[PDB]
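Chains as they are written, first to last, in my numbering: chain A, 29 to 145; chain B, 3 to 72; chain C, 340 to 427; chain D, 117 to 171; chain E, 17 to 119; chain F, 190 to 460.
Ideal Cβ positions, reconstructed from N, Cα and C, are used throughout, including at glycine.
These notes concern the structure reproduced below.
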Amino acid sequence: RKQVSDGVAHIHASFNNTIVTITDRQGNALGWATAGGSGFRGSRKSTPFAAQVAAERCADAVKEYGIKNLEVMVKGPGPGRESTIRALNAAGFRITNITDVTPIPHXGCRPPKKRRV
Amino acid sequence: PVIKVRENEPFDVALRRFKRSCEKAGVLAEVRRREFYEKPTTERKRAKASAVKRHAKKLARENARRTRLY
Amino acid sequence: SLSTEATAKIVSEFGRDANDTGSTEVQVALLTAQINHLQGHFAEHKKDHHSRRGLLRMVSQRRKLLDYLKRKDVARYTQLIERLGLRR
Amino acid sequence: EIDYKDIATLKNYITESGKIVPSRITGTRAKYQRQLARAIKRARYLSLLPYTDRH
Amino acid sequence: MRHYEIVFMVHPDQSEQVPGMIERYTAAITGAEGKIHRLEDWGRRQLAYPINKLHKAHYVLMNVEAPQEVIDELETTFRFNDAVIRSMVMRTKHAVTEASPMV
Amino acid sequence: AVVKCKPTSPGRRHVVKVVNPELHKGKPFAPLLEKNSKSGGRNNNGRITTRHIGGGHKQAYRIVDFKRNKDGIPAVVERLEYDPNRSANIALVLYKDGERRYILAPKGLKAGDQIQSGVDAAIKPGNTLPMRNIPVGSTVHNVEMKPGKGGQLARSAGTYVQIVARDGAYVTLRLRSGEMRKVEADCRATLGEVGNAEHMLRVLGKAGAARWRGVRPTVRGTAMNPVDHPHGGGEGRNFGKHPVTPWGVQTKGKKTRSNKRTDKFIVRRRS
RNA sequence: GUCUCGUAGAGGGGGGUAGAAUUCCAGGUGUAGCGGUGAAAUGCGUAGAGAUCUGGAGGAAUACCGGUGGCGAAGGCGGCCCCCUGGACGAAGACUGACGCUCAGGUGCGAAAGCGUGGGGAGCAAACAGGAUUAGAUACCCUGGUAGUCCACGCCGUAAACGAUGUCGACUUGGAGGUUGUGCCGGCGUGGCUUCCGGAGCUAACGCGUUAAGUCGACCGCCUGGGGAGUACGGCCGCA
RNA sequence: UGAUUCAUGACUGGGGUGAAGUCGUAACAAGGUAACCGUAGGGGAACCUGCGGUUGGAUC
Ligand SMILES: [K+]
Ligand SMILES: [K+]
Ligand SMILES: [K+]
Ligand SMILES: [K+]
Ligand SMILES: [K+]
Ligand SMILES: [K+]
Ligand SMILES: [K+]
Ligand SMILES: [K+]
Ligand SMILES: [K+]
Ligand SMILES: [K+]
Ligand SMILES: [K+]
Ligand SMILES: [K+]
Ligand SMILES: [K+]
Ligand SMILES: [K+]
Ligand SMILES: [K+]
Ligand SMILES: [K+]
Ligand SMILES: [K+]
Ligand SMILES: [K+]
Ligand SMILES: [K+]
Ligand SMILES: [K+]
Ligand SMILES: [K+]
Ligand SMILES: [Mg+2]
Ligand SMILES: [Mg+2]
Ligand SMILES: [Mg+2]
Ligand SMILES: [Mg+2]
Ligand SMILES: [Mg+2]
Ligand SMILES: [Mg+2]
Ligand SMILES: [Mg+2]
Ligand SMILES: [Mg+2]
Ligand SMILES: [Mg+2]
Ligand SMILES: [Mg+2]
Ligand SMILES: [Mg+2]
Ligand SMILES: [Mg+2]
Ligand SMILES: [Mg+2]
Ligand SMILES: [Mg+2]
Ligand SMILES: [Mg+2]
Ligand SMILES: [Mg+2]
Ligand SMILES: [Mg+2]
Ligand SMILES: [Mg+2]
Ligand SMILES: [Mg+2]
Ligand SMILES: [Mg+2]
Ligand SMILES: [Mg+2]
Ligand SMILES: [Mg+2]
Ligand SMILES: [Mg+2]
Ligand SMILES: [Mg+2]
Ligand SMILES: [Mg+2]
Ligand SMILES: [Mg+2]
Ligand SMILES: [Mg+2]
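Put into structure tokens, the structure is as follows:
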């Protein structure tokens, strides 16, 4: 119920889903939406469109906070890397900064075995 | 990839820049390469194949500037 | 492993003069010095197999030089193994 | 000879994210590319240079 | 008698101890017939990344020629001194006296 | 060293000895000896209160200095010795003022080594300091639990304690059990590990070797009659009940710690 | 073959340390999903997950550099720092004077898996369990997961351990590169190792082609139709 | 009292040949999960799975 105006949007863009979480500048979450909970399952959930719908719903969940400015942190290789950012600017927020925070091990742990499909 | 949108810079211009800084970092190719484990014999096999292809293709290109098609 | 000073000392003690680095006695004494010096390294590093290959080459190189000296001048051979403390 | 202290020169051979730039792009000789990589890795340990840009 | 290059970084809150630490160390090299080829005080610099949550540190660079034994002792001093947050000892081919690129 | 016996008789075939050529071969230091007669596991009501204890070899008690509070005076190790009373070896040390004492022998300690205790002692195996003055991450043994009380933790052969953190008046320790335990930082500890780590590699080899150590046979409860033990009874080998102690308490997982007074010091139980 | 001076190198053994990431633990914010697939379900989540922030614990591996690049007898070797240590190469000389080449038997080294004892265990994952797919599915796919992978010491002695090409030496047109020395005045030479093409010649052909599968010499190993069979029996070795 | 050799033995191990009945479809094309080597575990069977290795893999 306290105003913030300066938040941070975190985009978790995996191959199967997109999670959008808006926090303040200290990491405290204010609201979230996901492509899977916006009415899409299966092959529809892992699309750029479903990611866009999630970005809108997240913008609505935090409209009480009076957020005006956003930094954007994108994480992952999924199809919702760009449509979520496009929708966050179309939602009225002023996109101040865009950053990739995808984790990269500097070697790290052995990955799972290759799939034989 | 840290794109600071500067003043008066429209959003689309910043969006195309961030995309450029990502591709120039190879983050997407690096993530896709780390999704599953590649046996060291497999890594060596495909490093050699890419070098044989880079070479044998250039050597045919030289033989295609010294020949007429019609 | 042998330093320059230690090497030069051996050349003077077993050679004809200061730059007789090639005589059989000098070579055998030089190999003997490195073999003995490396015994302390391999007492601590028993699994240093790669270095030990170099040591075993010194041992076989010394054996061949000794067998040559013994075939040429037995007297020089007897003196040499006595000064160095070798069984044969 | 390359110096891990000579930070101004080293910055020419690292990307914006901090990665060492390939010698095929900077046109560096192979023998000196190996000295650059060693120097850059020492500077990173001394915190004269970053490991990754998200610092 | 080999040539070494020593860099150590001091907790900024103990900056007032650096001139004392410097004298104590070189006294240990000199007292063992070792020489000091170069000694620079870089002061507080911004760290490229945080160390122990810090963001700055006081750098010192020396170049000495000492026996391995006193250098082994110097490194024991660094490890157990809480003010020294990071150090680095390197062999050098020859003595280095010219001014470093920091100064 | 760990030495297998040759099978010249059935009682020798499986014996494995721990042979240490550095232990003193003569008699112990007499001014630090006391008599210590045996109990058979019986208390002052004359009742057996711990089963399976009796007999074994006569043993003299060696007075061991667990407090290590002779500060500022160096001591030199004179010899290592066998101590029948414990798994660790002990070391006879001579202080500069001419006093001799026994200490637990740390790993690596040998005759001629120098040791010291106090706030200003060097960080070396065998030296004793308040844990306030010992670097976090160090390996220590013979750790006090209350300042001045004397060492009580990590005294057995090959054991040690890790100082994992230091917060205010307390340090956090990882014990051999796996427990994480808080102890006052003013409590002392000795650097290094208790020696004689090969102790656990010995193999007794025969029944009599346990009898030499004062251990009497264990009779299984299922081999008894019902009047003797909850497990007793049966025509043939029968069981059919949840395993319990001779006094009826479950003995395969039921926890028995109940000390609310010291709960505040256990950061994390061993499991 | 020895000595002198220097050069490059993931060559080996020992110790220390750094940053990224995964997992786990604690706490803050926050709320209905997460995860997974071809689609699902098992699984996880209102007992507050997933997401996000802070702190801690621990193990393993070292992004970029990085390269038909380098080193090593082969197997193999990749962050940084120190300590111990092997080999190779070059330039000028000096020294020894055939001291050489090959090698049955013998001895040593020898990936991964596996075995023994003691540790360690994040991630991965034989076996195993469940969910799917299917006519079935003791699989491929999904969710989990134990040996094992890691460390110390010992054993085992095998791999398409391959260039499917034994070691050493001499000789015989060329072209373009890589890498590492060195001489001379970017230019001209001269050494080492290495990649691709191709001439004569060779080859059943494919191809090889100065790093030969060309032309010769020295010594060793090995083959003699397919199956039975690298099996049986015996010996030796091994804890198996 | 041993050694060696020949004959024979309830039962049992795998092998060859014939014939084709039953069960599947492992390999040959990318053989529909690239194949194969060593090793280990599992499975009515061909085999499957892990770890390292090879190209004597198609596509790119
Ligand atoms: K004892
Ligand atoms: K019993
Ligand atoms: K019973
Ligand atoms: K009974
Ligand atoms: K009975
Ligand atoms: K070296
Ligand atoms: K042989
Ligand atoms: K798994
Ligand atoms: K089917
Ligand atoms: K496991
Ligand atoms: K084996
Ligand atoms: K090969
Ligand atoms: K060259
Ligand atoms: K040249
Ligand atoms: K041969
Ligand atoms: K076994
Ligand atoms: K018979
Ligand atoms: K198959
Ligand atoms: K195939
Ligand atoms: K297999
Ligand atoms: K069956
Ligand atoms: Mg997966
Ligand atoms: Mg030599
Ligand atoms: Mg008992
Ligand atoms: Mg007792
Ligand atoms: Mg018992
Ligand atoms: Mg009875
Ligand atoms: Mg009863
Ligand atoms: Mg019965
Ligand atoms: Mg029954
Ligand atoms: Mg293994
Ligand atoms: Mg087994
Ligand atoms: Mg094992
Ligand atoms: Mg084990
Ligand atoms: Mg699985
Ligand atoms: Mg074979
Ligand atoms: Mg190989
Ligand atoms: Mg190969
Ligand atoms: Mg072969
Ligand atoms: Mg050719
Ligand atoms: Mg032929
Ligand atoms: Mg056989
Ligand atoms: Mg064997
Ligand atoms: Mg098939
Ligand atoms: Mg197939
Ligand atoms: Mg076989
Ligand atoms: Mg299976
Ligand atoms: Mg599988």
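Is D:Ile123 close to chain E? Criterion is C-beta to C-beta, closer than 9 Å. Residue contact check for D:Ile123 against chain E: a CB pair falls below 9 Å.
Relative to the C-alpha of C:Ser340, which candidate in C:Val350, C:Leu394, C:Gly424 and C:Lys409 has its C-alpha closest? Closest by alpha carbon: C:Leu394.
Helix, strand or coil at A:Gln31 according to DSSP, with G and I counted as helix: A:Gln31 carries a coil assignment under DSSP once its states are collapsed to helix, strand and coil.
Output needed for E:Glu49: all residues of its chain with C-beta closer than 7 Å, excluding positions within five of it in sequence on either side, in chain order. Nothing meets the Cβ criterion.
Would you mind sorting A:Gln80 into buried or exposed? The rule is 16 or more other CB atoms within 10 Å of its CB. Buried, because 16 or more other Cβ atoms sit within 10 Å of the Cβ of A:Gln80.
Say yes only if the C-beta of F:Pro435 is nearer than 8 Å to one or more non-hydrogen atoms of ligand 28, and no if none qualify. False, no ligand heavy atom lies under 8 Å from that Cβ.
F:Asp254 lies in the alpha helix (DSSP H); which residues open and close that run? Run containing F:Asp254: none; DSSP gives neither H nor E here.
Verify the contact flag: F:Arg275, CB atom, against every heavy atom of ligand 1, threshold strictly below 8 Å. The answer is yes for F:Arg275.
Between C:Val365, C:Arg355, C:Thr346 and C:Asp356, which has its C-alpha nearest C:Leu404's C-alpha? Nearest of C:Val365, C:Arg355, C:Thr346 and C:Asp356 to C:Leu404, Cα basis: C:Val365.
Interface flag, D:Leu162 vs chain E, CB-CB below 9 Å: Chain E contact via Cβ: present.
Could you tell me whether any Cβ in chain B is nearer than 9 Å to the Cβ of A:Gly104? So yes, A:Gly104 belongs to the interface.
The segment 155-163 of chain D contacting the segment 77-97 of chain E, beta-carbon criterion three pairs below 8 Å: These segments do not touch.
Using the rule of at least 16 other Cβ atoms within 10 Å of the residue's Cβ for burial, across every protein chain shown, is F:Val416 buried or exposed? Its Cβ having fewer than 16 others within 10 Å, F:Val416 is exposed.
For F:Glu333, I'd like the list of residues in its chain whose CB is within less than 6 Å of its CB, leaving aside the five on either flank, ordered along the chain. Correct list, in chain order: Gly340, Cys376 and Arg377.
Have a look at F:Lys441, F:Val383 and F:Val372 and flag the residue whose alpha-carbon is nearest the alpha-carbon of F:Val456. Of the candidates F:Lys441, F:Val383 and F:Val372, the one whose C-alpha sits nearest the C-alpha of F:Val456 is F:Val372.
Helix, strand or coil: how does DSSP classify A:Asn125 here? Residue state, collapsed to three classes: strand.
Using the Cβ count rule (16 or more neighbours within 10 Å means buried), how would you classify A:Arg72? It is exposed - the Cβ of A:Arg72 has fewer than 16 other Cβ atoms within 10 Å.
Could you check where the beta strand (DSSP E) with A:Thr49 kicks off and where it finishes? From DSSP, the beta strand (DSSP E) with A:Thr49 extends over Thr46 to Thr51.
Determine, for B:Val29, whether the minimum Cβ-Cβ distance to residues of chain A falls below 9 Å. By the rule that beta-carbons nearer than 9 Å mark a contact, B:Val29 touches chain A.
Please list, in chain order, the residues of the segment 125-140 of chain D that have any C-beta partner in chain B closer than 9 Å. Answer in chain order: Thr131, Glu132, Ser133 and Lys135.
Taking the straight line between their C-alpha atoms, what separation do you get for F:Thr317 and E:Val26? F:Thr317 and E:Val26 have their C-alpha atoms some 28 Å from each other.
Buried versus exposed, by CB contacts within 10 Å (16 or more), A:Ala82: It counts as buried.
When you measure from the CB of A:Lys141 to every non-hydrogen atom of ligand 48, does any distance come out below 8 Å? Taking 8 Å as the cut-off, the C-beta of A:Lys141 counts as close to a heavy atom of ligand 48.
So with Cβ pairs under 9 Å, would you call D:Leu152 a contact of chain E? It does not; no Cβ of chain E falls within 9 Å.
Taking Cβ positions, are A:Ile126 and B:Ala16 nearer each other than 9 Å? With respect to B:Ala16, A:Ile126 sits close: the two C-beta atoms are nearer than 9 Å.
Is there contact between the segment 303-322 of chain F and the segment 239-249 of chain F, where contact requires at least three CB pairs shorter than 8 Å? The segment 303-322 of chain F makes no contact with the segment 239-249 of chain F; the number of CB pairs closer than 8 Å stays below 3.
Can you tell me which of the three DSSP states F:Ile292 falls into? Assigned with DSSP and collapsed to three states, F:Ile292 falls in strand.
Throw me the rounded Cβ distance for the residue 134 of chain E and E:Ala73 pair, which I believe falls under 8 Å. There is simply no residue 134 of chain E to check, as chain E begins at 17 and stops at 119 in what is shown.
Is F:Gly301 helix, strand or coil by DSSP? DSSP, reduced to helix, strand and coil, places F:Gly301 outside both helices and strands of the structure shown, so it counts as coil.
Check the Cβ-Cβ distances between E:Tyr41 and every residue of chain D, and say whether any is below 9 Å. By this cut-off, E:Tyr41 is not an interface position.
Along the chain, where does the alpha helix (DSSP H) containing F:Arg391 start, and where does it finish? For F:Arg391, there is no enclosing alpha helix (DSSP H), as DSSP gives it neither H nor E.
Distance between beta carbons of F:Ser276 and F:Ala346, contact taken as under 8 Å: The C-beta separation of F:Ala346 from F:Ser276 comes to about 4 Å, placing the pair in contact by the 8 Å criterion.
Are there 16 or more other CB atoms within 10 angstroms of the CB of F:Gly397, so buried, or fewer, so exposed? Counting Cβ neighbours within 10 Å, F:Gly397 comes out exposed, since fewer than 16 surround it.
Can you check which of these residues, A:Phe77, A:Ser42 and A:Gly65, is closest to A:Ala115 by C-alpha distance? When C-alpha distances from A:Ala115 are compared across A:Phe77, A:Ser42 and A:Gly65, the shortest belongs to A:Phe77.
Comparing alpha-carbon positions, which option in E:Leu55, E:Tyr41, E:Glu81 and E:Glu39 lies nearest E:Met118? Comparing Cα positions, the closest option is E:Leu55.
Reduced DSSP category for C:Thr371 - H, G, I as helix; E, B as strand; rest coil: Residue state, collapsed to three classes: helix.
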